[PDB]
Amino acid sequence: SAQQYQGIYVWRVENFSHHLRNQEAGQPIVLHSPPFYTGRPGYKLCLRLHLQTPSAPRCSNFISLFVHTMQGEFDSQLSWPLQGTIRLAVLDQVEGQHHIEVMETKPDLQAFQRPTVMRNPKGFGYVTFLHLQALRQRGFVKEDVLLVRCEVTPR
Amino acid sequence: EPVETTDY
């Protein structure tokens, strides 16, 4: 039902410059978000964000962003696998020119099953979600905060 | 892209 997808999560990544300075020094960055529910009842999800190093083959200096399913309170009353459309965004806090990727679920992927551990090791998303030079040029980071949004809509 | 990746 529609109420199972009514949630929208905005991940506030504070002190972004700290991660950036470490990334510039050649440190991979990986961040794990708080959990959120697509609805009540609904699916429990979390996000994983990477800053790839300046020398990573094929994806140097990118933000990578992946969605992971989790074991949630409502799981017994949900259909599985999770099916729908997932919208991932980095938000423009002033001009509304968000960077948005839209992706449909795939029912045959482990990432959309209910995991047998608390957090699914398999996630789904973009290795090359947003390049750090594009993030800088657009000025998405305001007061050292990056906003990452995740919305799920039904089929 | 998008793709499934593994993060233990």
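In order, the protein sequence lines correspond to chains A and B.
Counted the way the deposited numbering counts, the first sequence spans residues 369 to 523.
Counted the way the deposited numbering counts, the second sequence spans residues 377 to 384.
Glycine included, every Cβ here is placed at the ideal spot set by N, Cα and C.
Discussion item. Could you pull the DSSP bridge partners for residue 510 of chain A from this structure?
Written reply: In the first sequence, counting from the first residue as 1, residue 510 of chain A sits at position 142. When beta bridges are read from the DSSP output, residue 510 of chain A appears opposite A:513.
Item to complete: Within its chain, find whatever has a CB closer than 7 Å to the CB of residue 390 of chain A; leave out the 5 residues flanking it on each side and keep chain order.
Response: Taking the first sequence and counting its residues from 1, one reaches residue 390 of chain A at position 22. Closer than 7 Å at Cβ, skipping near neighbours: 397.
Worksheet entry | Span of the alpha helix (DSSP H), counted from its first residue to its last, around residue 377 of chain B | For this step, residue 377 of chain B is matched to residue 1 along the second sequence. Bounds of any alpha helix (DSSP H) do not take in residue 377 of chain B, whose DSSP letter is neither H nor E.
Fill in: Distance, residue 475 of chain A Cα to residue 455 of chain A Cα
Residue 455 of chain A sits at position 87 when you count from the first residue of the first sequence. Residue 475 of chain A sits at position 107 when you count from the first residue of the first sequence. Roughly 17 Å between the two C-alpha positions.
Discussion item. On the criterion of 16 or more Cβ atoms from any shown chain inside 10 Å, does residue 400 of chain A qualify as buried, or is it exposed?
Written reply: Translated into positions along the first sequence, residue 400 of chain A becomes position 32. So residue 400 of chain A ends up on the exposed side.
Item to complete: Go ahead and pull the three-state DSSP assignment for residue 419 of chain A.
Response: Against the first sequence, residue 419 of chain A aligns to sequence position 51. Here DSSP, grouped into helix, strand and coil, assigns residue 419 of chain A to strand.
Worksheet item: Whose Cβ in chain B lies nearer than 9 Å to the Cβ of residue 494 of chain A?
Response: Walking along the first sequence from the start, residue 494 of chain A turns up at place 126. For a Cβ distance threshold of 9 Å, residue set 377, 378 and 379 of chain B lies close to residue 494 of chain A, ordered along the chain.
Fill in: Residues that residue 386 of chain A bridges to, as DSSP identifies them
Residue numbering aside, residue 386 of chain A sits at position 18 when the first sequence is read from its first letter. According to DSSP, residue 386 of chain A bridges with nothing at all.
Discussion item. Is it buried or exposed, residue 384 of chain B, if we count other Cβ atoms within 10 angstroms and call 16 or more buried?
Written reply: As a first step, residue 384 of chain B must be located in the second sequence, where it is residue number 8. Residue 384 of chain B comes out exposed.
Worksheet item: Just checking my contact of residue 497 of chain A with residue 430 of chain A at CB under 8 Å: how many whole Å lie between their CB atoms?
Response: Looking up residue 497 of chain A in the first sequence gives position 129. Looking up residue 430 of chain A in the first sequence gives position 62. The beta carbons of residue 497 of chain A and residue 430 of chain A sit about 7 Å from each other, so the pair counts as a contact at 8 Å.
Worksheet item: What's the gap between the Cα of residue 512 of chain A and the Cα of residue 383 of chain A?
Response: Taking the first sequence and counting its residues from 1, the one referred to as residue 512 of chain A is at position 144. Taking the first sequence and counting its residues from 1, the one referred to as residue 383 of chain A is at position 15. Answer to the nearest angstrom: the Cα atoms are 5 Å apart.
Fill in: Beta-bridge partners of residue 432 of chain A, as assigned by DSSP
Position 64 of the first sequence, counting from 1, holds the residue named residue 432 of chain A. DSSP, once it has assigned bridges, lists A:418 as partnering residue 432 of chain A.
Worksheet item: By the criterion of Cβ-Cβ separation under 7 Å, what are the contact partners of residue 514 of chain A in chain B?
Response: By one-based count along the first sequence, residue 514 of chain A stands at place 146. Listed along chain B is no residue with a C-beta nearer than 7 Å to that of residue 514 of chain A; the closest approach is about 20 Å.
Worksheet entry | chain B contact residues for residue 412 of chain A, given Cβ-Cβ distances below 8 Å | Within the first sequence, residue 412 of chain A is the residue found at index 44, counting from 1. Neighbours of residue 412 of chain A in chain B, taken as residues whose beta carbon is under 8 Å from its own, are absent, since the nearest beta carbon is some 17 Å off.
Discussion item. Looking at residue 473 of chain A: is its Cβ nearer than 9 Å to the Cβ of residue 373 of chain A?
Written reply: For this step, residue 473 of chain A is matched to residue 105 along the first sequence. For this step, residue 373 of chain A is matched to residue 5 along the first sequence. Not a contact, by the Cβ cut-off of 9 Å.
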